[PDB]
file start.csv (CSV, C-alpha atoms and all ligand atoms)
chain,number,residue,atom,x,y,z
A,17,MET,CA,10.8,-35.5,-11.5
A,18,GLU,CA,13.0,-35.5,-8.4
A,19,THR,CA,11.6,-34.6,-4.9
A,20,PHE,CA,13.5,-32.7,-2.2
A,21,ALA,CA,12.8,-31.9,1.4
A,22,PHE,CA,13.2,-28.3,2.8
A,23,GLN,CA,15.2,-28.0,6.0
A,24,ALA,CA,13.1,-27.5,9.1
A,25,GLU,CA,13.3,-23.8,9.5
A,26,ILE,CA,12.7,-22.9,5.8
A,27,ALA,CA,9.6,-25.2,6.1
A,28,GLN,CA,8.6,-23.2,9.2
A,29,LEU,CA,8.8,-19.9,7.4
A,30,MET,CA,7.0,-21.1,4.3
A,31,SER,CA,4.2,-22.4,6.7
A,32,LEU,CA,4.1,-19.1,8.5
A,33,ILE,CA,3.7,-17.2,5.2
A,34,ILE,CA,1.2,-19.4,3.5
A,35,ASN,CA,-1.0,-19.6,6.6
A,36,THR,CA,-0.7,-16.3,8.4
A,37,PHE,CA,-3.4,-13.6,8.7
A,38,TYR,CA,-1.6,-10.7,7.1
A,39,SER,CA,-3.8,-8.2,5.2
A,40,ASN,CA,-1.0,-6.5,3.1
A,41,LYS,CA,-0.6,-9.4,0.7
A,42,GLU,CA,0.0,-7.2,-2.4
A,43,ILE,CA,3.7,-6.9,-1.5
A,44,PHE,CA,4.3,-10.3,-3.1
A,45,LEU,CA,4.3,-8.6,-6.5
A,46,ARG,CA,7.0,-6.1,-5.6
A,47,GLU,CA,9.2,-8.9,-4.3
A,48,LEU,CA,9.0,-11.0,-7.5
A,49,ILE,CA,9.5,-8.0,-9.7
A,50,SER,CA,12.6,-7.1,-7.6
A,51,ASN,CA,13.9,-10.7,-8.1
A,52,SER,CA,13.3,-10.3,-11.9
A,53,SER,CA,15.1,-6.9,-11.9
A,54,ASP,CA,18.1,-8.4,-10.0
A,55,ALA,CA,18.2,-11.3,-12.5
A,56,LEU,CA,18.2,-8.8,-15.4
A,57,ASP,CA,20.9,-6.7,-13.7
A,58,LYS,CA,23.1,-9.9,-13.5
A,59,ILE,CA,22.8,-10.9,-17.1
A,60,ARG,CA,23.2,-7.4,-18.4
A,61,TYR,CA,26.4,-6.9,-16.3
A,62,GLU,CA,27.8,-10.2,-17.6
A,63,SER,CA,27.1,-9.1,-21.2
A,64,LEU,CA,29.3,-6.1,-20.7
A,65,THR,CA,32.4,-8.4,-20.5
A,66,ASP,CA,31.0,-11.1,-22.8
A,67,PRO,CA,28.4,-9.9,-25.4
A,68,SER,CA,27.7,-13.5,-26.4
A,69,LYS,CA,25.9,-13.9,-23.1
A,70,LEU,CA,23.0,-12.3,-25.0
A,71,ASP,CA,22.9,-14.7,-27.9
A,72,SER,CA,20.1,-16.4,-26.0
A,73,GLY,CA,18.1,-13.2,-26.3
A,74,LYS,CA,18.9,-9.4,-26.4
A,75,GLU,CA,15.7,-8.1,-24.9
A,76,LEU,CA,15.7,-7.3,-21.2
A,77,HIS,CA,12.2,-7.1,-19.9
A,78,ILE,CA,9.5,-8.2,-17.4
A,79,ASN,CA,6.0,-9.4,-18.3
A,80,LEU,CA,3.0,-9.8,-16.0
A,81,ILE,CA,0.5,-12.3,-17.3
A,82,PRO,CA,-2.9,-13.0,-15.7
A,83,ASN,CA,-4.9,-16.1,-16.7
A,84,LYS,CA,-8.4,-16.1,-15.2
A,85,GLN,CA,-9.2,-19.6,-16.6
A,86,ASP,CA,-6.1,-21.2,-15.0
A,87,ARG,CA,-6.3,-18.9,-12.0
A,88,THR,CA,-2.6,-18.0,-12.5
A,89,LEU,CA,-0.5,-14.9,-12.4
A,90,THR,CA,2.8,-15.3,-14.1
A,91,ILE,CA,5.9,-13.0,-13.7
A,92,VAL,CA,8.1,-13.5,-16.7
A,93,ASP,CA,11.6,-12.0,-17.2
A,94,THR,CA,14.5,-12.5,-19.6
A,95,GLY,CA,17.1,-12.3,-16.8
A,96,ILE,CA,20.1,-14.6,-16.1
A,97,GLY,CA,17.8,-17.6,-15.2
A,98,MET,CA,18.8,-20.4,-12.9
A,99,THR,CA,20.7,-23.6,-13.3
A,100,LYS,CA,19.7,-27.0,-11.7
A,101,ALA,CA,22.5,-26.3,-9.1
A,102,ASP,CA,20.9,-22.9,-8.3
A,103,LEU,CA,17.4,-24.5,-7.9
A,104,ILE,CA,18.5,-27.3,-5.6
A,105,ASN,CA,21.7,-26.2,-3.8
A,106,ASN,CA,22.8,-22.6,-4.3
A,107,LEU,CA,19.4,-20.9,-3.6
A,108,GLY,CA,18.9,-23.3,-0.7
A,109,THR,CA,22.1,-22.0,0.9
A,110,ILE,CA,20.9,-18.4,0.5
A,111,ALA,CA,17.4,-19.3,1.7
A,112,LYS,CA,18.7,-21.0,4.9
A,113,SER,CA,20.7,-18.1,6.3
A,114,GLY,CA,18.0,-15.6,5.0
A,115,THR,CA,15.2,-17.5,6.7
A,116,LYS,CA,17.2,-17.6,10.0
A,117,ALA,CA,17.7,-13.8,10.0
A,118,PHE,CA,14.0,-13.0,8.9
A,119,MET,CA,12.6,-15.3,11.6
A,120,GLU,CA,14.8,-13.6,14.2
A,121,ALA,CA,13.6,-10.2,13.0
A,122,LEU,CA,10.0,-11.3,13.1
A,123,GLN,CA,10.4,-12.4,16.7
A,124,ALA,CA,11.8,-8.9,17.5
A,125,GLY,CA,8.7,-7.2,15.9
A,126,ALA,CA,9.6,-6.7,12.2
A,127,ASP,CA,6.8,-6.8,9.6
A,128,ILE,CA,6.3,-9.5,7.0
A,129,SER,CA,6.6,-6.8,4.3
A,130,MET,CA,10.3,-6.6,5.2
A,131,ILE,CA,10.9,-10.1,3.8
A,132,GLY,CA,12.9,-8.9,0.7
A,133,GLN,CA,15.6,-7.4,2.9
A,134,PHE,CA,16.5,-10.9,4.0
A,135,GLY,CA,16.9,-12.3,0.5
A,136,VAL,CA,13.8,-14.6,0.8
A,137,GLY,CA,11.3,-12.3,-0.9
A,138,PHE,CA,10.5,-15.2,-3.2
A,139,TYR,CA,8.5,-16.9,-0.4
A,140,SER,CA,6.1,-14.0,-0.2
A,141,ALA,CA,4.5,-15.7,-3.3
A,142,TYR,CA,2.8,-17.9,-0.8
A,143,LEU,CA,0.8,-15.0,0.7
A,144,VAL,CA,-1.4,-15.3,-2.5
A,145,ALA,CA,-0.5,-18.7,-4.1
A,146,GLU,CA,-1.3,-22.3,-3.1
A,147,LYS,CA,1.4,-23.5,-5.5
A,148,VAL,CA,4.4,-21.8,-7.2
A,149,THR,CA,5.9,-23.1,-10.4
A,150,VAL,CA,9.2,-21.7,-11.6
A,151,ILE,CA,10.3,-22.4,-15.2
A,152,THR,CA,13.8,-21.2,-15.8
A,153,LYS,CA,16.6,-21.3,-18.4
A,154,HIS,CA,20.2,-20.3,-17.7
A,155,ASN,CA,22.9,-20.0,-20.4
A,156,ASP,CA,24.9,-22.8,-18.8
A,157,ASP,CA,22.1,-25.4,-18.3
A,158,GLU,CA,18.9,-26.9,-19.7
A,159,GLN,CA,15.4,-25.6,-19.1
A,160,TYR,CA,14.1,-26.6,-15.6
A,161,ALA,CA,10.8,-26.6,-13.6
A,162,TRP,CA,10.9,-26.1,-9.8
A,163,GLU,CA,7.6,-26.5,-8.0
A,164,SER,CA,6.3,-26.4,-4.4
A,165,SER,CA,3.0,-26.1,-2.6
A,166,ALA,CA,4.9,-25.2,0.6
A,167,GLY,CA,4.2,-28.6,2.4
A,168,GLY,CA,7.8,-29.4,3.3
A,169,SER,CA,8.9,-30.5,-0.2
A,170,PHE,CA,9.7,-29.2,-3.7
A,171,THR,CA,10.3,-30.9,-7.0
A,172,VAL,CA,12.7,-30.3,-9.9
A,173,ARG,CA,12.4,-31.7,-13.4
A,174,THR,CA,13.6,-30.9,-16.9
A,175,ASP,CA,10.9,-28.8,-18.5
A,176,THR,CA,9.4,-29.8,-21.9
A,177,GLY,CA,7.2,-26.7,-22.3
A,178,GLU,CA,7.9,-23.9,-24.8
A,179,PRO,CA,11.7,-23.1,-24.9
A,180,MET,CA,12.4,-19.8,-23.2
A,181,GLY,CA,15.8,-18.9,-24.7
A,182,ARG,CA,16.9,-17.4,-21.3
A,183,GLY,CA,15.2,-16.2,-18.2
A,184,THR,CA,12.5,-17.2,-15.6
A,185,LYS,CA,8.7,-17.6,-15.3
A,186,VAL,CA,7.2,-17.6,-11.8
A,187,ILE,CA,3.7,-19.1,-12.1
A,188,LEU,CA,1.5,-18.3,-9.1
A,189,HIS,CA,-1.4,-20.8,-8.8
A,190,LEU,CA,-3.6,-18.4,-6.8
A,191,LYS,CA,-5.5,-19.2,-3.7
A,192,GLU,CA,-9.3,-19.1,-4.4
A,193,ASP,CA,-9.8,-15.9,-2.3
A,194,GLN,CA,-6.9,-14.1,-4.0
A,195,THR,CA,-8.3,-13.7,-7.6
A,196,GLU,CA,-8.1,-9.8,-7.3
A,197,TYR,CA,-4.5,-10.2,-8.5
A,198,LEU,CA,-5.9,-11.3,-11.9
A,199,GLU,CA,-7.6,-8.0,-12.4
A,200,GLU,CA,-6.0,-5.3,-14.6
A,201,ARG,CA,-6.8,-2.3,-12.4
A,202,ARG,CA,-5.5,-4.1,-9.3
A,203,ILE,CA,-2.2,-5.2,-10.9
A,204,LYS,CA,-1.6,-1.7,-12.4
A,205,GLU,CA,-2.3,-0.1,-8.9
A,206,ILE,CA,0.3,-2.4,-7.3
A,207,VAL,CA,3.0,-1.9,-9.9
A,208,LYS,CA,2.7,1.9,-9.7
A,209,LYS,CA,2.9,2.0,-5.9
A,210,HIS,CA,5.8,-0.5,-5.4
A,211,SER,CA,7.6,-1.0,-8.7
A,212,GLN,CA,7.4,2.2,-10.7
A,213,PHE,CA,11.1,2.8,-11.1
A,214,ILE,CA,12.3,-0.6,-12.0
A,215,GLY,CA,15.0,-0.2,-14.7
A,216,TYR,CA,13.4,-2.5,-17.3
A,217,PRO,CA,10.1,-2.3,-19.2
A,218,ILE,CA,7.2,-4.0,-17.3
A,219,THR,CA,4.3,-5.0,-19.6
A,220,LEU,CA,1.0,-5.8,-17.9
A,221,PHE,CA,-0.7,-8.3,-20.3
A,222,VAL,CA,-4.5,-8.3,-20.3
A,223,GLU,CA,-7.1,-10.9,-21.4
A,301,LIG,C1,15.2,-18.7,-3.1
A,301,LIG,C2,14.6,-18.6,-4.5
A,301,LIG,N1,14.5,-17.5,-5.1
A,301,LIG,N2,14.0,-17.8,-6.3
A,301,LIG,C3,14.1,-16.9,-7.5
A,301,LIG,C4,12.9,-16.7,-8.2
A,301,LIG,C5,13.0,-15.9,-9.4
A,301,LIG,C6,14.2,-15.4,-9.7
A,301,LIG,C7,14.3,-14.6,-11.0
A,301,LIG,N3,13.2,-13.9,-11.4
A,301,LIG,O1,15.3,-14.7,-11.7
A,301,LIG,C8,15.4,-15.6,-9.0
A,301,LIG,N4,16.6,-15.0,-9.5
A,301,LIG,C9,17.8,-15.0,-8.7
A,301,LIG,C10,18.6,-16.3,-9.0
A,301,LIG,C11,20.0,-16.3,-8.3
A,301,LIG,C12,20.8,-15.2,-8.9
A,301,LIG,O2,22.1,-15.2,-8.2
A,301,LIG,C13,20.1,-13.9,-8.6
A,301,LIG,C14,18.7,-13.9,-9.2
A,301,LIG,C15,15.3,-16.3,-7.8
A,301,LIG,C16,13.8,-19.1,-6.5
A,301,LIG,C17,13.2,-19.8,-7.6
A,301,LIG,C18,13.1,-21.1,-7.4
A,301,LIG,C19,13.5,-21.8,-6.2
A,301,LIG,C20,14.0,-21.1,-5.1
A,301,LIG,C21,14.3,-21.8,-3.9
A,301,LIG,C22,13.8,-21.5,-2.7
A,301,LIG,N5,14.1,-22.1,-1.5
A,301,LIG,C23,14.8,-23.2,-1.5
A,301,LIG,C24,15.1,-23.8,-0.4
A,301,LIG,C25,15.9,-25.0,-0.4
A,301,LIG,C26,16.4,-25.5,-1.6
A,301,LIG,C27,16.1,-24.8,-2.7
A,301,LIG,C28,15.4,-23.7,-2.7
A,301,LIG,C29,15.1,-23.0,-3.9
A,301,LIG,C30,14.1,-19.7,-5.3
call {"tool": "encode", "arguments": {"input": "start.csv", "output": "structure tokens", "more": "lines below"}}
Ligand SMILES: Cc1nn(-c2ccc(C(N)=O)c(N[C@H]3CC[C@H](O)CC3)c2)c2cccc(-c3cnc4ccccc4c3)c12
result
Amino acid sequence: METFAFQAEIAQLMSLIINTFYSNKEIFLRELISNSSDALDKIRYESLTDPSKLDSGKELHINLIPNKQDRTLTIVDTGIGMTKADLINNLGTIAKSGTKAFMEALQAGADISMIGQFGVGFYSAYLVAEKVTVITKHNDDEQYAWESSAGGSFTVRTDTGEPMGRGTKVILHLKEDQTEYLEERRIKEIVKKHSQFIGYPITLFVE
């Protein structure tokens, strides 16, 4: 496991999100599903030039998996996935400029729900989660785990869990007062409102 520090302003935004009183927290799910959809778009588009891109798995889907025992909600997709370089460097570059623009907009009166426009919708996870674990497999790299509790640092390690073939799992370790997002009716309500026209099948697992 390697440990990395966030730059000051990303750290500020993550703190803002994880701490703030904002009642409309359900928008986290729309943002993560949008990320999954974007990932699925990218691998599908690549496969149009090179069909072998799908040797690591043909199915293009999104699963939502609640676990009441672990107090986790996991968003699983079979999109393009992320390399080590994505997890440490490339997404850090995107996050830096996106954070800068979002924070400016917030100063000017924009709402937290607008976060996804700035390309940092991922951070909305911290509205409902104390810790976020990202397990990912990209065609060009090994399986990795990225993890952060939004306290100024994140970690990256090779992941020894079940091989995924290709794609991403975003595991939300939910805050104690945010367990409604484990409930079937609640998740279904949110998906219908915010994510009903996503171009990939979304399966809501139950327990
Ligand atoms: C920022 C971020 N987002 N995120 C995410 C999630 C799901 C998917 C998914 N479901 O695939 C996804 N996919 C995209 C990958 C890149 C492709 O170009 C387009 C699809 C993107 C992360 C996942 C893990 C980590 C980070 C992160 C955030 N802050 C940092 C700040 C500094 C340094 C590194 C940082 C890394 C991110």
call {"tool": "residues_near_ligand", "arguments": {"input": "start.csv", "ligand": "ligand LIG 301 (chain A)", "cutoff": "9 Å", "atoms": "all atoms listed in the file", "output": "MDAnalysis selection string"}}
result
chainID A and resid 20:23 26:27 48:58 91:99 102:112 135:139 148:152 161:164 169:170 183:186
call {"tool": "atom_distance", "arguments": {"input": "start.csv", "atom1": "atom CA of residue A:176", "atom2": "atom CA of residue A:198"}}
result
26.0 Å
call {"tool": "closest_residue", "arguments": {"input": "start.csv", "among": "A:133, A:211, A:155, A:171", "to": "residue A:71", "atoms": "only C-alpha atoms"}}
result
A:155
call {"tool": "residues_around", "arguments": {"input": "start.csv", "residues": "residue A:84", "least_positions_apart": "3", "cutoff": "10 Å", "atoms": "all atoms listed in the file", "output": "ChimeraX atom specification"}}
result
/A:81,87-89,190,195,197-199,223
call {"tool": "closest_residue", "arguments": {"input": "start.csv", "among": "A:100, A:200, A:193, A:219", "to": "residue A:158", "atoms": "only C-alpha atoms"}}
result
A:100
call {"tool": "atom_distance", "arguments": {"input": "start.csv", "atom1": "atom CA of residue A:75", "atom2": "atom CA of residue A:215"}}
result
12.9 Å
